[PDB]
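Just the one chain here, the form deposited without its partner chain, laid out as C-alpha cells.
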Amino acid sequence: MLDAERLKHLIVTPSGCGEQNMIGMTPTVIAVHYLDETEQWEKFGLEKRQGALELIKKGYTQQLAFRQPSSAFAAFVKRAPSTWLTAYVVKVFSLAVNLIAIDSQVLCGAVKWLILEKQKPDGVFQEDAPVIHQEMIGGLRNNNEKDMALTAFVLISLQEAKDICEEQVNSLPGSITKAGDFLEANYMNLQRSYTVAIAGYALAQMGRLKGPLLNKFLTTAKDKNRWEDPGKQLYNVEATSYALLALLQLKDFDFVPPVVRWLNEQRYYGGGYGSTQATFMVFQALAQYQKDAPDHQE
C-alpha cells in the first residue's frame, strides 16, 4: 500500500486551458480515489477530503470552458478537437462520478462524438489534432503501434462510461464490438509490452482476452511481475498498471501479488512532469486491487 504520508503532493489546484487543467485535475481525482479505497483519510487528515473535493469540482467546472459545441475537447476552443483528450476527459470524469456531480450530457456527448466522428470502418479510433502537451499521454506518445494503443485507450474510456451512457448513445454497443474486433485481429502481431497491456485490459473488459491472446498477454510479462519495454520507466509503470487491471478483470488472483509487489517497490507516488498517465493508472490499478483482492499478497 502506498502510504498516505507520501501522497500530500497529489492534492493539486487545477488551472490552465483544455490540456493543462486536466494535468492538474488528474492527481487530485486519483489521490482521493485511492485514499478512499485504502481507508487512509484518518492518517491523511479526515477534514482534508472536503477541500480536495472542492478542487476536483473546480477542475470539472473549468474543463467545461473547453467543451466545444460538438461535445469534444481541445486545449482551446479555436483548436480542432483532440480524440485522445476527449477520451481522457471521459476516462477521468467516469471515474470521478462517485466524487462530484458529473453531467451525463457532457460525458455521453463526448462518447457519442468519439464514435460518430472518430471511429473508422475497421473499428480504429483516429486522432486528427494531437494534444500539444504530448507528455500527458504516456506511452501512447511512442510512434509504434499507435493505432492499436489509441483504439485501446478510447475503448477503455467507452467501457468505463458504458453504464452511464448506454441508454443515451445508440452507437455505443456496436462501437465497442467494432473496436474489440480491431484489437483482437491485430493483438498477436504486437511487439510492445505497453500495447499488449493496454489492449489486453480493453479486451479483458469485454471477455475477449483468451486463447493464444491471453497467453501472449501473460507471457509478455518479465519475471511474471511487470510489463516493460526499452524506454521510459514511467511508461512501464503505466503498462504494468493496465496489466494489473486486466488480471483483476480476468480474476487471475494468483498472478496478481508479484505485480502489486513490483509496483510498490518502484516507490513511485505520482506527480511531476509527464506523469499524468502513470499517476492516473498506478493509483487506479492499486485501488482496484485493494477493492478486489487485498487478501492476495506476497
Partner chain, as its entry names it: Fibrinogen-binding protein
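Positions refer to the first chain, counted from 1.
Chemist: Could you check the entry and say whether 121 to 129 or 203 to 211 has the higher mean CA B-factor?
Modeler: Mean CA B-factor is higher for 203 to 211.
Chemist: Looking at the entry, does 112 to 120 or 165 to 173 show the higher mean C-alpha B-factor?
Modeler: Stretch with the greater average CA B-factor: 165 to 173.
Chemist: By the CA temperature factor listed in this entry, which of these ranks top: 235, 41, 242, 255?
Modeler: Largest recorded C-alpha B-factor: 255.
Chemist: Going by the entry, which of 216, 91, 78, 141 has the most elevated CA B factor?
Modeler: So the option with the highest C-alpha B-factor is 216.
Chemist: Quick check on the deposited entry: does the C-alpha B-factor of residue 273 sit in the lowest, middle or highest third of its chain?
Modeler: Ranked within chain, residue 273 CA B lands in the highest tercile.
Chemist: Relative to the other modelled residues in the chain, which third contains the C-alpha temperature factor of residue 105: lowest, middle or highest?
Modeler: Top third by C-alpha B-factor.
Chemist: Looking at the entry's B-factor column for C-alpha atoms only, identify whether residue 145 ranks in the lowest, middle or highest third of its chain.
Modeler: Middle third by C-alpha B-factor.
Chemist: Comparing residue 181 with the other modelled residues of its chain, is its CA B-factor in the lowest, middle or highest third?
Modeler: Highest third.
Chemist: Relative to the other modelled residues of the same chain, rank the CA B-factor of residue 267 and answer lowest, middle or highest third.
Modeler: Its C-alpha B-factor belongs to the highest third of this chain's values.
Absent from the display: the form deposited with its partner chain bound. The rest refers to it.
Chemist: With the partner left out here, if you bring back its partner chain in the entry with it bound, are 142, 229 and 234 all within 4.5 Å of it by some heavy atom?
Modeler: Zero of three within 4.5 Å in the entry with it bound.
Chemist: Pick from 99, 221, 137, 203: which residue has any heavy atom within 4.5 angstroms of its partner chain in the entry with it bound?
Modeler: In short, 99.
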